[PDB]
């Protein structure tokens, strides 16, 4: 258990655990066959996913990759803190919490709203920490030119 297997960052493949999550997402995405890709091929919309636990978000990230060939995903990363309570001292902009997040890039705003409804639906019937994963649609004013 543990160690190196020869698979680098971003090289994760599929296994039954991730595929089960993918099949759950696919059944949910299938409630709305909306357009996922455009002629322009621009990444103008997204979905910001955060919370739950490190493993529950990681697992969601892996399953989404299998469920949607048309999206592009970031590695997991960390969120900074919000507003501290009171007229007291605020945390510095750079301070990081233990809470993770990841971003999903999509070509349409309509598909982004669908993915977001799928993730919230898939997670609402699960026990903590999974049920505590949060999601929001993100509109990029100028789009993101992914390399």
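Positions refer to the first chain, counted from 1.
Looking at mean Cα B-factors across 45 to 53 and 82 to 90, the upper value is held by 82 to 90. Checked against the record, the higher mean CA B factor of 8 to 16 and 121 to 129 lies with 121 to 129. The maximum CA B-factor among the listed residues 95, 61, 31, 116, taken from the PDB record, is found at 31. For residue 22, the recorded CA temperature factor ranks within the lowest third of the chain's modelled residues.
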